[PDB]
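**Q** So I've got this experimental structure, pasted below with the sequence.
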Amino acid sequence: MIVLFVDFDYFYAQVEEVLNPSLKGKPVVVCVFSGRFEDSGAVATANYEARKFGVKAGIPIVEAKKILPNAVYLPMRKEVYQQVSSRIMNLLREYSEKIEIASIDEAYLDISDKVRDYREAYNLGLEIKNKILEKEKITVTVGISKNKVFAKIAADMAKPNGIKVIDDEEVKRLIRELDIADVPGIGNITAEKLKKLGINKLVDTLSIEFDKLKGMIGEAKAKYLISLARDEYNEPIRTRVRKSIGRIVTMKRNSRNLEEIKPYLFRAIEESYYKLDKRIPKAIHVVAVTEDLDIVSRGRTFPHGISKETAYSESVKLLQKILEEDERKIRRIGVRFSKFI
DNA sequence: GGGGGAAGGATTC
DNA sequence: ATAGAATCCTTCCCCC
Ligand SMILES: Cc1cn([C@H]2C[C@H](O)[C@@H](COP(=O)(O)NP(=O)(O)OP(=O)(O)O)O2)c(=O)[nH]c1=O
Ligand SMILES: [Mg+2]
Ligand SMILES: [Mg+2]
């Protein structure tokens, strides 16, 4: 099985460039402004000029601007990149029927039934990198390997505007000399919970008793790492179905007062129902971010769909329940709708 | 034992 | 004390 992974390079910023080509060559930063105080927010992405100096996803804008004040700082037009992204994915749907669209900027492709070795898979990578560049003028990065995980690591090395093929002997090489935190799906809390037991690369998973490994990271992550270490990881390219729809907004002040929070929560419900797009949900979760930035949630399921007016009603009850059973102050309030019909 | 709902956890982009 | 969104897994809990 040969998986072709694609992921666009600094996606949000690049769109800003192809839409205003002068931004080229400068360090660019796409920001999410919350409104609390002007320049409160996070950095969605930054181009590799700006990324060179430490501007990365997830940093506060206030910490970005101290490092590059004369860099361009644009607000996010996700609305735009989404339409740009949808056009690119229709381009990939012509190179295989079996395609997983992993996110706004990512796709996996089952090319087992369209090429038969890696040389032609590599060439089909170039085939795709160019038809993107001509149609829509975007550079992307291509990973190639035997399953979704290793085509993802392939692409992470090749960024930016790069193409990479991971053959079966370097697969065996990487299991041996890939530092474990770089495996997709383990971040820093799990990353050193494996350093704390000496695991730095995938190989060492086989050389550790299973029960001690399971007892700490859980069963699913254990089989995940072990099967990856045995060259026995197989999960298929599946059409992704949205399971969750939601919106969450930052309030201008922290508050525990039910009726000042209400308009935001109401605004979040209206916007969430627009995005629902004729899919009727059965579950609603009122989710709040606290002052210390913990995430509290309360949910409810129904034997029937939820209507907008029913959603309004129960949301307040779930929001009520939140502050009854937790007494911090809320900063961002929002809703999530699950269990569609 | 385990399916199923609810809440927290961790990761992703 | 900095966005916004989506997903899978774990743990306790009800129930058969
Ligand atoms: C990681 C991350 C990404 N994003 C958005 C903007 C990114 O451009 C896009 C994710 O694509 P990516 O592969 O995570 N990062 P990138 O495409 O900007 O840059 P590159 O792939 O590392 O070259 O979605 C966020 O809004 N918050 C994030 O924390
Ligand atoms: Mg990308
Ligand atoms: Mg990505």
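**A** Good, I have the coordinates. Numbering: from 1, shown residues only, chains lettered A, B, ... in the order given. Ligands and ions are numbered 1, 2, ... in the order given.

**Q** Okay, helices next: where are they in the stretch 1-150 of chain A?
**A** For the stretch 1-150 of chain A, the helices defined by DSSP state H, counting those that start in this stretch cover A:11-19, A:48-52, A:61-65, A:78-92, A:118-135, A:148-158.

**Q** Let's have those in JSON lines, adding mean neighbour count and distance to DNA strand C.
**A** C-betas here are computed from N, CA, C, even on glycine. Listed next are the helices of the stretch 1-150 of chain A as JSON lines, based on neighbours: other Cβ atoms under 10 Å; distance: least, Cβ to the nearest atom of the strand, whole Å:
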{"stretch": "helix A:11-19", "mean neighbour count": "21", "distance to DNA strand C": "9"}
{"stretch": "helix A:48-52", "mean neighbour count": "17", "distance to DNA strand C": "14"}
{"stretch": "helix A:61-65", "mean neighbour count": "17", "distance to DNA strand C": "6"}
{"stretch": "helix A:78-92", "mean neighbour count": "15", "distance to DNA strand C": "8"}
{"stretch": "helix A:118-135", "mean neighbour count": "15", "distance to DNA strand C": "22"}
{"stretch": "helix A:148-158", "mean neighbour count": "21", "distance to DNA strand C": "12"}
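
**Q** Mind giving me the packing neighbours of whichever helix or strand residue A:250 is part of?
**A** Counting by DSSP states H and E, the element that carries residue A:250 is strand A:245-255. When contacts are defined as 3 or more Cβ pairs under 8 Å, 6 or more residues apart in numbering; DSSP states H and E, strand A:245-255 packs onto helix A:258-276, strand A:281-290, strand A:330-340.

**Q** Show me what the second one is packed up against.
**A** To tie it back to what came earlier, the one meant is strand A:281-290. Packing contacts for strand A:281-290, counted by 3+ Cβ pairs under 8 Å, 6+ apart, involve strand A:245-255, strand A:295-301, helix A:308-324, strand A:330-340.

**Q** Tell me which of those sits most buried.
**A** strand A:330-340 (a mean of 20; mean count of other Cβ atoms under 10 Å).

**Q** circling back to that earlier point, tell me how far the strand holding residue A:250 lies from the chain's centre.
**A** 20 Å (Cα atoms, centre = their mean, to the nearest Å).

**Q** Also stretch A:139-156?
**A** On Cα atoms, centre = their mean, the centre of stretch A:139-156 falls 16 Å from that of its chain.

**Q** and if you look at stretch A:177-188?
**A** Centre-to-centre, stretch A:177-188 and its host chain are 16 Å apart (Cα atoms, centre = their mean).

**Q** go on, stretch A:187-194?
**A** On Cα atoms, centre = their mean, the centre of stretch A:187-194 falls 19 Å from that of its chain.

**Q** what phi and what psi does the backbone show at the spatially most central residue of chain A?
**A** Of all residues in chain A, the one closest to the mean position by Cα atoms, centre = their mean is residue A:103, 6.1 Å from it. When quoted as degrees, to the nearest 10, the phi and psi of residue A:103 stand at phi -170, psi -160.

**Q** Of all the helices and strands packed on strand A:245-255, which one is nearest DNA strand B?
**A** Closest to DNA strand B of these, according to Cβ to the nearest atom of the strand: strand A:281-290, at 5.8 Å.

**Q** Direction included, what does the closest one pair against?
**A** Using DSSP bridges, strand A:281-290 pairs in its sheet with strand A:295-301 (antiparallel), strand A:330-340 (antiparallel).

**Q** okay if I get those strands as JSON lines plus distance to ligand 2?
**A** Below are these laid out as JSON lines (distance: least, Cβ to the ion, whole Å):
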{"stretch": "strand A:295-301", "distance to ligand 2": "25"}
{"stretch": "strand A:330-340", "distance to ligand 2": "25"}
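
**Q** Serialize those strands to TSV and add fields for distance to DNA strand B.
**A** Shown next, in TSV, are the strands paired with strand A:281-290 (distance: least, Cβ to the nearest atom of the strand, whole Å):
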stretch	distance to DNA strand B
strand A:295-301	4
strand A:330-340	8
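
**Q** Compile these into CSV and extend it with columns for distance to residue A:55.
**A** Below are those laid out as CSV (distance: least, Cβ to Cβ, whole Å):
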stretch, distance to residue A:55
strand A:295-301, 26
strand A:330-340, 23
